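Order of listing sets the numbers, starting from 1, for every ligand and every atom in it. Numbers here simply count residues along the sequence, with the first being 1.
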Amino acid sequence: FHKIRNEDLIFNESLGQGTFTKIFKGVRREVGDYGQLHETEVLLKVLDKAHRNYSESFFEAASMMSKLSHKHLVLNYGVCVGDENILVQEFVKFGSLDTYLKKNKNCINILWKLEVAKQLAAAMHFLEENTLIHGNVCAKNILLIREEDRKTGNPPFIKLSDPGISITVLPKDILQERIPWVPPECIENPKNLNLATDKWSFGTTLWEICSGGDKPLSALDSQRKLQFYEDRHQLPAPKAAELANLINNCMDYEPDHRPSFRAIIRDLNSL
Ligand SMILES: NS(=O)(=O)c1ccc(Nc2nc(OCC3CCCCC3)c3nc[nH]c3n2)cc1
């Protein structure tokens, strides 16, 4: 990981929090191409001091995104390691997709959703061909690089962000709170993290995209989410149910039966 000096980073407004992290918008001063000095907007993820013992995992997540280069994967600029574990990533202009769906719900049609789903499925297919597990696919980890422009025909463009601290080391209560993004076999055993995990979570993310930013099973507490998995329930079809069958096919309780992302892309194109 490229090391960035603390002196070259300026922390600005807080954007929110992740699991054991605080997120800030900021600015990196750098020497760019041709030796020109640049002031670049950056996203700064700060691991909580109280959870410093997660540092390794906290960085390993980011590491998984930087071992491969792809147009749909977020760029990591580097790491700043005083008493702070700081990850420096690219700043995406329009933020995460859950909030965007919530705010622009009344003007998102099936074509926009289909384009976003195809791009996410392409990123996940790239990961699958490389046998690289993401482990936390959700709308909050999808970032909107640019908006759809029907005046020029430009589609929206999205990127997948890093998964954050892995579910293989997170406390059990946080894992149960993450139902139904966390597949049943990982609730049974978090070490069952596998490529099929991402297919299940991709189905859940499609539910999110079709539900205008609503969170599935948010009305259920952790015990009731556990029991939801115990009774082998499926998520209800969204009011916009164009992708409901694909959602249910991806969220198969048998991990070996979840369709490959090539078949998922074939379904999306068939629609
Ligand atoms: N709604 S908003 O207008 O205030 C706005 C917000 C965030 C961003 N940019 C942005 N966000 C990320 O996480 C998105 C998320 C992080 C914390 C909770 C809020 C947003 C990124 N992850 C890598 N790069 C990222 N860039 C642009 C605009």
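- Residue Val92 touches ligand 1 through backbone and side chain together, judged by heavy-atom distances below 4.0 Å.
- Looking at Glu90, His2, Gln89 one by one, the single match for side-chain hydrogen bond (donor to acceptor under 3.5 Å, both in side chains) with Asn76 turns out to be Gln89.
- Distance alone, capped at 3.5 Å, places no donor-acceptor pair between the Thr152 side chain and the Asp149 backbone.
- The six-membered or imidazole ring of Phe58 lies away from that of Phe20, with a centre-to-centre distance of 6.0 Å or more.
- In this structure, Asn12 places its CG atom where more than 12 heavy-atom neighbours from other residues, nucleotides or ligands lie under 6.0 Å away.
- Less than 4.0 angstrom separates some heavy atom of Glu90 from each of these atoms of ligand 1: 23 (C), 24 (N), 25 (C).
- Contact annotation: for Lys93 versus ligand 1, heavy atoms closer than 4.0 Å belong to the backbone alone.
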